[PDB]
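Respectively, the protein sequence lines represent chains y, z, 1, k and q. Just so we're aligned: the first sequence equals residues 46 to 294 in the entry's author numbering. Just so we're aligned: the second sequence equals residues 1 to 233, 260 to 310 in the entry's author numbering. Just so we're aligned: the third sequence equals residues 1 to 184, 191 to 218, 267 to 311 in the entry's author numbering. Just so we're aligned: the fourth sequence equals residues 1016 to 1064 in the entry's author numbering. Just so we're aligned: the fifth sequence equals residues 1016 to 1064 in the entry's author numbering. Yeah, the Cβ is synthetic: ideal placement off N, Cα and C, and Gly gets one too. Have a look at the structure below, then the notes.
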Amino acid sequence: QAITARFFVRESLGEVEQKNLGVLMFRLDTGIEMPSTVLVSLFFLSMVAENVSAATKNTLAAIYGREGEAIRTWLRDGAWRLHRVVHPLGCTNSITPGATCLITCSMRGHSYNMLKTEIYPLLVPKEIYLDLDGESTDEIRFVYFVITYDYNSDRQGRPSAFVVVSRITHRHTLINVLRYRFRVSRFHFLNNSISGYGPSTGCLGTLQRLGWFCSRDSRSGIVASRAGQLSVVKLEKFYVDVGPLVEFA
Amino acid sequence: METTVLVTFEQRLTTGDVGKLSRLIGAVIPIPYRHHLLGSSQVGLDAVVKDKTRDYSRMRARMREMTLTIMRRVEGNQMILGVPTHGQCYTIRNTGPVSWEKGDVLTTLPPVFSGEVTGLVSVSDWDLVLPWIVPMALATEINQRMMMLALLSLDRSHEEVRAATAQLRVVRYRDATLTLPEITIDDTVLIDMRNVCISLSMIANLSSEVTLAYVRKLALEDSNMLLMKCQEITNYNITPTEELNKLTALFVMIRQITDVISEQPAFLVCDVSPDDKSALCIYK
Amino acid sequence: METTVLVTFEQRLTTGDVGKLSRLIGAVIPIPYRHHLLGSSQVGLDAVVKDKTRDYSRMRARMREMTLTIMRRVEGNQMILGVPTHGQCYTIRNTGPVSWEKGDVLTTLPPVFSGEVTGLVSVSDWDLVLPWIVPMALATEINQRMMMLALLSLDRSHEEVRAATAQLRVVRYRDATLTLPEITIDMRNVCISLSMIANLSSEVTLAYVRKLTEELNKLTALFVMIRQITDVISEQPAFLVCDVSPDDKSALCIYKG
Amino acid sequence: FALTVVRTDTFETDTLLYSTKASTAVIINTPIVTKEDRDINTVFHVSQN
Amino acid sequence: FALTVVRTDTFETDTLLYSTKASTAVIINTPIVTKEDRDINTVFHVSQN
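So, in structure tokens, the structure goes:
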């Protein structure tokens, strides 16, 4: 009943994931015309989000930011982030130790190893995950992906992103509980919003559903590979439901 | 979590009550927990329709935190609340007092607030008052006027606010006349009205001068029946990419300020029965 | 397996038209309502592009309110249209000019003959103009460029914003580009709404900043325009492809709303 | 003025229970099983009233 | 001024419907039963083309 799709991933992007399956993968028609169509790891967008502190950011940039600082983070870090350019599609199946990495990413359902022996958890890294949690949770906590900027200098200043996990299903109550702790971002957001008289900025935040998970077997943890350790959070029976890109400000 | 709820009434259902459960078994219930087995005191939001402070803001917020079901199967005392799997077609009987405008998103209405009706029967001082399913535009209007009739009170005299609610709290629509709940001056209205003010102060700059003077120099050109009321209520730039970022940010602000007064979409209707009592519905 | 709605043709069928339909087995169909009857007058975006007064915002709103369906088979004068259901994996067809990549979020828009006209099996004042089946952010950006054409198009009298509209004029995506129609009364009322929002945003909240029936009149004429402009933004993406058939004829997708 | 302070206190207590032979009579049903389906597992609620 | 004022009235009309003997021939499908996954109200969609 689950729908999966074999995808072209570069063999210099198949790592991590290939060591320990479970990641989000975003697609994007980027600026260079020769490699325009690219699929993306959640750890790979973690080095674009500011919320990952620069040590952990450059840690996974030392894992595979070689490709990141080849062309790709010059299209994401360097060329400024839009939430439009990235689109979440779910959690990887088919590890694929082949010649060219052909990773069969899931669309909807609980990401599984075939034969139903192993369930693929979603590895959400630590700094993009925790800080927007709500209450103590029971069995069907929902995952939302939210990109949240803050206006500093270059009509946007800095890109940043979050993975908010909350039981609160509804759109407007969820954006109000975002507006609770994002008062600072909307201060300096209002500041450069009134700076732009004729030029423009582009607004604060963008919310979308990602699914739900077992959430009482939820725990944090760590992976380790080339360029060392990586403290993450492990979401066990991660049902996938990519929702709509709903912006707020 | 869970898709097929068994509900027991611990109270007393009679021959007339097991007759009257059949029509409600068309209808819709929000569940607080999404268990297979739930108590009838929890089943429905009738537990907090007797909130004695009685604000449609918190009726709204709790049905935002709820999740709907579809009632089923009058067998014994047990209730098969099928939690509707998203994007499947289901029959839904009406208690919202409209013919639902066939072809539209039908949506959740928290407490009607034109009188306190008993929904199913009053056994053990408990009735089953369901959210009434009124369309998306009517729900957006019904939250619009909620915010408007307290928006007037920040800068106008409260007696004039009362005299203007005396018009604008009775919604005029075909078979849809409702009286807004003696509109709640509240922090819940405040925390989103301040963000409405923020969005309008931001569109005060995201407004291009072209977007200012479009009506103001189209009224110089010709006439339109919007445009007369819009008359009532070198010079320009060549940066269309920055104007596209202006329009992107402006669209975020107007969709935010619309979802202020625009609640959750719900049932998209396949087939309304020809007596307009039952609706095959998809897209919860 | 699913819901299935039949079309009867008033026309005496052309074998070339039957051959084009049998090419377009995998297509997608615009339909008003899932009554099991369908006439040829009902079927198609012919029912949208018949009032040449009308423009792209109401084109999009009609394609929102009208049922998105998948072509299944043709049986003589009858046409089998299987109405898709949210969550199942369906073979659909790319009738729009935009190519499709795997995994992409897929979205209905009405087609535009401004430079990229593509007719169909049309006979006796009825065409079967199928909607452009176009990516999500690209669809939003099509509508954004349309509303800025209808905003900036009044200042054609000046060389500067004349050059700004001609500079806009054009939407370029991956490997497939298209021009865009000029609006110099749907988009006119749309930008009447936008201009009321723009004017009154510097006019209605200034005494709300200092704290945070005239006001109800002004905010009413603000908020109903706000509702009518918000309703034509949220693109309601129809499909989500698992794999694209090469040469971009078809794609196996999952259906959304 | 003067004050009364009231306070309830909670006491964990083993409470006995005495009845008669076949005091209340139970009639139970042969149980029904619903199959809730998830993609990763199937949950069966047995339900006997 | 004169005026012509127009009145859309609506008629619940009962109609005659005559045919010949073998006017339209029908071919009836076998009454195919459609069974879905077991949910509590186990509906069958019984259908014939």
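Excluding five sequence neighbours on each side, which residues of the same chain lie with their C-beta closer than 6 Å to the C-beta of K102 (chain y)?
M92
Does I1055 (chain q) get closer than 8 Å to chain k when you measure Cβ to Cβ?
Cβ-Cβ to chain k under 8 Å: yes for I1055 (chain q).
Compute the Euclidean distance between the alpha carbons of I287 (chain 1) and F71 (chain y), then round it to the nearest angstrom.
C-alpha separation (whole angstroms): 23 Å.
Need the endpoints of the beta strand (DSSP E) that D74 (chain y) sits in, please.
69 to 74
Just the Cα atoms here: how many angstroms apart are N138 (chain y) and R254 (chain y)?
20 Å
Where do the N-terminal and C-terminal ends of the alpha helix (DSSP H) with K229 (chain z) fall, by residue?
In this chain, the alpha helix (DSSP H) harbouring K229 (chain z) covers 225 to 232.
Along the chain, which unbroken stretches of the beta strand (DSSP E) at least 3 residues long are found entirely within the segment 110 to 184 of chain z?
132 to 135
Within this structure, are the beta carbons of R64 (chain z) and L45 (chain z) separated by less than 8 Å?
no
In chain order, what residues of the same chain lie with their CB nearer than 7 Å to the CB of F88 (chain y), ignoring the 5 residues before and after it?
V61, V68, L105, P170
Would you say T1045 (chain k) lies against chain q (beta-carbon separation less than 8 Å)?
no
How do the segment 29 to 43 of chain z and the segment 8 to 21 of chain z stand: do at least 3 beta-carbon pairs fall below 8 Å, yes or no?
yes
Simplified DSSP assignment, three categories, for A61 (chain 1):
helix
Taking C-beta pairs closer than 7 Å, name the residues in chain q that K1050 (chain k) reaches, listed in chain order.
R1053
At which residues does the beta strand (DSSP E) containing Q253 (chain y) begin and terminate?
Per DSSP, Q253 (chain y) belongs to the beta strand (DSSP E) from 250 to 257.
CB contact check: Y157 (chain y) to chain z, cutoff 8 Å
no
Would the beta-carbon of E56 (chain y) fall within 8 Å of that of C146 (chain y)?
yes
Measuring alpha carbon to alpha carbon, tell me which of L270 (chain z), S153 (chain z), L154 (chain z) ends up nearest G247 (chain y).
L270 (chain z)
Out of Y242 (chain y), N236 (chain y), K279 (chain y), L120 (chain y), which has the shortest C-alpha to C-alpha gap to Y174 (chain y)?
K279 (chain y)
Taking 8 Å as the threshold (beta carbon to beta carbon), is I80 (chain z) in contact with chain q?
yes
Say whether chain 1 places a C-beta atom closer than 8 Å to the C-beta of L134 (chain y).
yes
For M92 (chain y), return the contacting residues in chain 1, with the cut-off set at a CB-CB distance below 8 Å.
None at all; the shortest Cβ gap to chain 1 is about 22 Å.
Checking contacts by CB at 8 Å: is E2 (chain 1) closer than that to chain y?
no
For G82 (chain z), write down the residues that DSSP places opposite it in a beta bridge.
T4 (chain z), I70 (chain z)
Quick one: any contact between the segment 205 to 214 of chain 1 and the segment 161 to 178 of chain 1, if contact means 3 or more CB pairs under 8 Å?
no
Compute the distance between the beta-carbons of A139 (chain z) and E289 (chain z), then report whether it is under 8 Å.
Cβ distance < 8 Å, so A139 (chain z) and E289 (chain z) count as in contact.
is_contact[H158 (chain z), chain 1] using C-beta, thresh 8 Å
So, not an interface residue.
With a Cβ-Cβ cutoff of 8 Å, do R212 (chain y) and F187 (chain y) count as a contact?
yes
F88 (chain y) by DSSP, collapsed to three states: which one?
Helix at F88 (chain y).
Roughly how many whole angstroms lie between the Cα atoms of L149 (chain z) and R60 (chain z)?
17 Å
Contact list for the segment 49 to 76 of chain 1 against chain z, Cβ threshold 7 Å
For the segment 49 to 76 of chain 1, which is checked against every Cβ of chain z, the residues closer than 7 Å are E65.
DSSP three-state call for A99 (chain y): helix, strand or coil?
helix
If you compare alpha carbons, which of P80 (chain y), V54 (chain y), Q46 (chain y), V85 (chain y) is closest to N1056 (chain k)?
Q46 (chain y)
Taking C-alpha atoms, which residue in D302 (chain 1), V278 (chain 1), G76 (chain 1), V295 (chain 1) lies nearest to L6 (chain 1)?
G76 (chain 1)
Can you list, in chain order, the residues of its chain with a C-beta nearer than 7 Å to that of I308 (chain z)? Leave out the 5 residues immediately preceding and following it.
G87, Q88, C89, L294, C296
Pull out every residue of the segment 276 to 293 of chain 1 whose Cβ sits closer than 9 Å to any Cβ of chain z, in chain order.
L276, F277, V278, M279, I280, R281, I283, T284, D285, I287, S288
Measuring only between beta-carbons, confirm whether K272 (chain 1) sits less than 8 Å from chain y.
Look at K272 (chain 1): its C-beta is not under 8 Å from any C-beta on chain y.
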